[PDB]
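Notes follow once the structure below has been shown.
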Amino acid sequence: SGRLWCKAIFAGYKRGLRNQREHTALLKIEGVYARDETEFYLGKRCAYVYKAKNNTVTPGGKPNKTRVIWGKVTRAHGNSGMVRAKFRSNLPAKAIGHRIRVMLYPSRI
Amino acid sequence: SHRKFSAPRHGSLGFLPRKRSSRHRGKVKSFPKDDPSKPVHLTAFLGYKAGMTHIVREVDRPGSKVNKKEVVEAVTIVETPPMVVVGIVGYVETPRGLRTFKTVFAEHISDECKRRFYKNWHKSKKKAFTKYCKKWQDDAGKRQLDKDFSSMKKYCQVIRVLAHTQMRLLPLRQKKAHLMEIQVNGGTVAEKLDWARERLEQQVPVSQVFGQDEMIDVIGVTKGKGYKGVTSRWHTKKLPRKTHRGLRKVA
Amino acid sequence: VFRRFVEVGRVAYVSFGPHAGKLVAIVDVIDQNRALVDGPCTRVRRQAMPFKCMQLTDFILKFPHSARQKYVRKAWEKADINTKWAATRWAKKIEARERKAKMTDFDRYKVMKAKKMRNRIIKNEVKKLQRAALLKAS
Amino acid sequence: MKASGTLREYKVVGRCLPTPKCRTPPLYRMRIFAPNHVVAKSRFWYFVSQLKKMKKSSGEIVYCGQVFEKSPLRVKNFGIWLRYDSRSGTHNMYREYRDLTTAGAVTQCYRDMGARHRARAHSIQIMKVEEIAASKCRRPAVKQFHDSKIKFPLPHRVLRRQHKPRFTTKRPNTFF
Amino acid sequence: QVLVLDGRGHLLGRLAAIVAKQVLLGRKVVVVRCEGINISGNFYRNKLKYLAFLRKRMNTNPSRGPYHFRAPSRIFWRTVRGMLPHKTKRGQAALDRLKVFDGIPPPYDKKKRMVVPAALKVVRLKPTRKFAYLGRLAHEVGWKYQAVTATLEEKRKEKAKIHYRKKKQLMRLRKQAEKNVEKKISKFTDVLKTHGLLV
Amino acid sequence: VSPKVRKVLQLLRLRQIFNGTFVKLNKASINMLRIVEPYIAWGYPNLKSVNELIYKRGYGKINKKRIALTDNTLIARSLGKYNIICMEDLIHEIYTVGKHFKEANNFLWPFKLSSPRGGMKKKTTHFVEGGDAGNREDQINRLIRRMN
Amino acid sequence: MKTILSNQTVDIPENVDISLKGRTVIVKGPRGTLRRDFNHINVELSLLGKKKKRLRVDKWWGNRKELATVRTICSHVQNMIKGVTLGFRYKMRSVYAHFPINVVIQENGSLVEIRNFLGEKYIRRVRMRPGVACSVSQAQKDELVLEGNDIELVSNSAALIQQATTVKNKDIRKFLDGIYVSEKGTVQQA
RNA sequence: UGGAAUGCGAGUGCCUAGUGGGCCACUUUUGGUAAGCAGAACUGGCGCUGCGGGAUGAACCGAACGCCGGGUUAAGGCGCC
RNA sequence: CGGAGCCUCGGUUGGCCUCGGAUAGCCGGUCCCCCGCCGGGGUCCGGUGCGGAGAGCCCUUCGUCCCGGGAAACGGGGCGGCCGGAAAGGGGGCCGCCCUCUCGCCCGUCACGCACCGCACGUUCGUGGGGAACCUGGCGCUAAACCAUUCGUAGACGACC
Ligand SMILES: [Mg+2]
Ligand SMILES: [Mg+2]
Ligand SMILES: [Mg+2]
Ligand SMILES: [Mg+2]
Ligand SMILES: [Mg+2]
Ligand SMILES: [Mg+2]
Ligand SMILES: [Mg+2]
Ligand SMILES: [Mg+2]
Ligand SMILES: [Mg+2]
Ligand SMILES: [Mg+2]
Ligand SMILES: [Mg+2]
Ligand SMILES: [Mg+2]
Ligand SMILES: [Mg+2]
Ligand SMILES: [Mg+2]
């Protein structure tokens, strides 16, 4: 057993300087510091995973306090390896600076 | 526009805020800088303002109008019965300034000093230091004290004693003793602690701290005068008698 | 203090650029920043290259400044710079760098097992050498 | 004209439009250095108009084509005669460069004129470009490279991969 | 977990720019030896800069700010604060992810320190340019613990030297051990060389 | 937009930014293009430009509506009287500037082109200044590739 | 313009031994040793030959300011050679119109007392730099002799004395009193 | 052979509100030392108008607006904010 | 100091236990030579696009059974003592023990385990932080603060002595 996902950070939303598009999140992936290296991560699943007070059903398990918002990488952002991600719901601003799991599927290798 | 005629400002902004002292006993903000070549000695003392008189003496000031002549000089009498050393406190120099390192206390402490540790002596069971004192009386505890002294010799840079006053010899209503840290200047740190350790529970007369014709500094709290207006507090000019709404003001 | 000099015939390793990883020879110096280089035996056309993308090696071929590619190749083959290069630790470290990069998942597993066993053997011997050194101290 | 990218050398040939007075007007040729051929023709009409009673409306371009460097693998010294407008006058300069192509040397002239004199490309007229022998060069910056046994080190090599890694344990070494 | 940086030989503003972006992404950063930090330009023109800052004070009540911190650590801290949106909860959370120290107090004295080559003075300055030392500048604007910090930094270096000699000793044994057991580990040494781990 | 430029841009049918049209060149039209020089990038399209422009983004003006040319009958019913009955006849009339260029070209709705992918240089100055306005000759084709 | 190379060489006398620790120059001679650190200059120092030693200074790719530092290093190194072989001897004369300037040497020539300078009651006490010895001149009246191996220490020592005896609030073109550096020689003439 | 190009459906009639303080900019221009001053021509603006950029700003630069998704841009930018 | 659980709060999903520094120079061996309270300089020898490399190193987890080959035998696991650390102090190493194992590692042999029938929030740090309680054992503790009263070195009232 061991980790099966890459470590990312929720850097912020899509934006100009004074307008914010919350439907797109900018993700920073550990070890990906150029745009030509982001190609592996396009289309891969992304998960904002967190905990709440109330229990919720777990697929393949019993209810617990873990919750997840799923998404996926949609395209690269910039020159230094940032990617754009989209989630089933806009990410909460409290998630900025926190871990975003990037899964190794859908596999293309 | 510019003020018509120049005049210096009233009062010093260097003594601000003109508030009530948080302490009743004068605090030594700076002790004399330590010179490891002098013998171990104390640098401060506690006394009580008794009152003022005047004396007669013959001045010796060549080139003066009062050379070989008698003058009347006012003097202050400060009653300074011997203090009792009750503890040692060590300090370590850190990049954030001095930090208290280790405090040791003598085995015995008089009730005058213990009164300092209480807000209501009447209602208290006088339990202060009743468990600390047992450390000097057993072999295990004694072996820890000398380890504390050895630690203070390794690391501390400043040594101070904890001396208190003897209020049972003064004529004052107060029986609670005034307890202050006095810095031990002089030789090496080890010599400071040897000197201090021999003097736990001992008395120190003022004559062992000061000498005749010595220039000293007196630190204390001034006489309180309560709520005062600007005329008295800051010595501003009184406004003319015709002023409406008061003249003991700043216009 | 300086041991490697930009001069006619100096062989320079190309660290980045379209010709990264190749050896070229300084044929001529254009200005402070650029040189005319040639790679007749290393698949580089004669061209200008900045000194920024160059790392001087310890080989210095002997041909006249701005001699044509025929004589640069001739000097390259006589000095056997290709085989001499591969014998240097510098070349070997490059080879090790690429061997590790291409390691497969199975290769990484086998290295972990070999490394696991090799490190245990060394540690046990070091323990014994430390204990032996202790007895001399006593 | 913007001196964008590396300039190319164009051979532009033009003439006045034939008329009953002169059915075969004389042909004129210019050396033009420009980013593209569209700019090259534009500058031609700007220059001939300053020398002849001609302009795009009363003339035509007969041939526009790039002149290729003839010895792109040989180092040469280029003398350049140019005139330019400063903030407070016009001046004639002679300048020298070392390069493999004549259009590369002319590009260096535009960057250099911009660096040392804050002269925008629209205020520079390259009058003449010649290849000059080492013995005829005048500028000591160019002549110091006329040494058959030239050698020199590369002192204080600055780390240019300053963000790969962005954080490291060892400090960089500048001596090689 | 924690990114520990060594401030010696780093230029003040380039270190702050990188550090500020790091704590805004949620990483903890410790910068030690802030007195070892550098600023480009001669010392004098950098002293005049802080004296110009020192003159900024609320004319009607200086106690209400600006607060002119004199420690090289706090000077650096305020410089990182100037590159953060510190008047919002997000910026203040980041600002709490940064610790700044003069000297190297425990536990960082016995941990490895990383550097930032994009802020190193040897990289970013021309060697002929003048520069200032944050510690000297701080000492000459009211900092009081320059002499003590140097005293304690010399004790640390003496202990670190003994630690280094112990590590060199344990490395000389390591090389000898590899010769003694060369026969037994030769097979495993071939796997590593085959894949680039050992050259 | 100044009144004289506003009228000329309306006659070219370029009433919107990044709209496109073919304009057959002659003294009358070349001098109209000079009035609108700051507001247009123009030049000479090659055969490939005429193909792609009319296939991807070609719409006919049929009963004053904008109808995609998805079927050949759309062309034939309107321009058949000029013997233009297929997209190839329409591309040949435009590309070679035939006898009925006017009719076949007015038939085409102004091309709605997208923002240039990869950017511009400087829309506010001429092409020969390093900008975008004016006549760039055959270089229009590079622009057409990035906007079609 | 950057110049490809600019260099100068220094000849080392046989009785002087020069060693380099990077850019630190150590010159050892009959009269002692002088160490100077040139780490504030980006040059290249080289010792050439074995029988007739030489010191070379190189500056690759130097602009006008950096080229000016090449000879400065050579001149300093030559002075160090001069110091450790012949030494430096500055002489000073004391000038006065009315009030004699009395000089007393204390502490084995490391302290100078100056009295009655323009009749002032104030006593001036000038401390010589380490490695510099002051002495009254037995050969001439109203003269001092400063000797040492470092030219800058000796010449700085003399500047201290010369500026100690400065006239104030007078016309210094008329009131010329003072001690001045009158000669710059060597301890051992050779 | 509806006799230049290009574009576009036109003509016509009743009734009619508000307005009738303007102000700004490129260029031209009068008075004035000049003015964020007074007074004109041309066009375009603000007024009536948001939006991206010029930190901030009636008028500058880009661009004009139904409620959205994706893409791409302009003018401007890309150490950190 | 030595059991089950119940709330609530979140994030995280291996570790690096350290020379000092130079940058027109560095790093490691070498004590044969010279100094010092085992350390410094010299010599000599190696490395230097740093490989005694953070472009790195260490650990690596499917488990168990049977029997072999390498590796260990100076070994793995487990209660008592002494150095040692102060800038914001060490659940490191060492010595005893009565115990406790021949398994931990590598290459093989031999089978087995819910093989839950393609699918998410899996996998740690985690006896995590804070809060109530419930037990269940041992050794220990039996205070002060404020009000009220008094004082007048204080005082608008509070506060203060
Ligand atoms: Mg979890
Ligand atoms: Mg005044
Ligand atoms: Mg009245
Ligand atoms: Mg202060
Ligand atoms: Mg794009
Ligand atoms: Mg405009
Ligand atoms: Mg006078
Ligand atoms: Mg006006
Ligand atoms: Mg209105
Ligand atoms: Mg309108
Ligand atoms: Mg608008
Ligand atoms: Mg502005
Ligand atoms: Mg959009
Ligand atoms: Mg900005």
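Heavy-atom basis, side chains included; hydrogens, waters and symmetry copies ignored. Chain letters run A, B, ... following the sequence lines, proteins first and then strands; every chain starts at 1.
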Kindly say whether [N] and [M] qualify as a Watson-Crick or G-U pair under the rule that both distances are below 3.5 angstrom.
N	M	result
I/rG56	I/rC16	yes
I/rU60	I/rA133	no
H/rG47	H/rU19	no
I/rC103	I/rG49	no
I/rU13	I/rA148	no
I/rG122	I/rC134	no
I/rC19	I/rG128	no
H/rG20	H/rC65	no

Has the side chain of [X] got a donor or acceptor atom sitting under 3.5 Å from an opposite partner on the base of [N]?
X	N	answer
E/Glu153	I/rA87	yes
A/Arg101	I/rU13	yes
D/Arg171	I/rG20	no

- Hey, which of these two, A/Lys94 or A/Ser1, hits RNA chain I nearer its 5' end, going by closest nucleotide? A/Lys94

- Note on the structure: Of A/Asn54 and A/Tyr105, the one whose closest nucleotide on RNA chain I sits nearer the 5' end is A/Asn54

- Salt-bridge test for F/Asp132 and F/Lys123: reply yes if a basic N is under 4.0 Å from a carboxylate O, no otherwise. no

- Message: With a 4.0 Å cut-off on N to O distance, would you call C/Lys92 and C/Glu95 a salt bridge?
- Response: no

At less than 4.0 Å, is any side-chain N or O atom of [X] found next to OP1 or OP2 of [N]? Yes or no.
X	N	value
F/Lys102	H/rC8	no
B/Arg96	I/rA88	yes
F/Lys61	H/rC8	yes
F/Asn106	H/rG7	yes

- Query: Syn or anti for H/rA64, taking syn as within 90° of 0?
  - Reply: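 Syn conformation for H/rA64.
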
Describe the nucleic acid contact of [X] in one word from base, sugar-phosphate, nothing, applying a heavy-atom distance below 4.0 Å.
X	value
C/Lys113	sugar-phosphate
B/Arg23	nothing
B/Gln174	base

- So which nucleotide does H/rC37 pair with, by the Watson-Crick or G-U wobble rule with both distances under 3.5 Å? H/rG31

- In Watson-Crick or G-U wobble terms, both distances under 3.5 Å, what is the partner of I/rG80?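 I/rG80 is paired with I/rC95.
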
- Task: Evaluate the ring planes of A/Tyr48 and A/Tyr50, with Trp represented by its six-membered ring, and classify them as parallel (under 30°), tilted (30 to 60°) or perpendicular (over 60°).
- Result: parallel

- Message: If the test is side chain to side chain donor-acceptor pair (under 3.5 Å), which one of E/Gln176, E/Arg174, E/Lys175 qualifies with E/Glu178?
- Response: E/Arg174

- With E/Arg156, the side chain to side chain donor-acceptor pair (under 3.5 Å) member among E/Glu154, E/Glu158, E/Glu153: E/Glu153

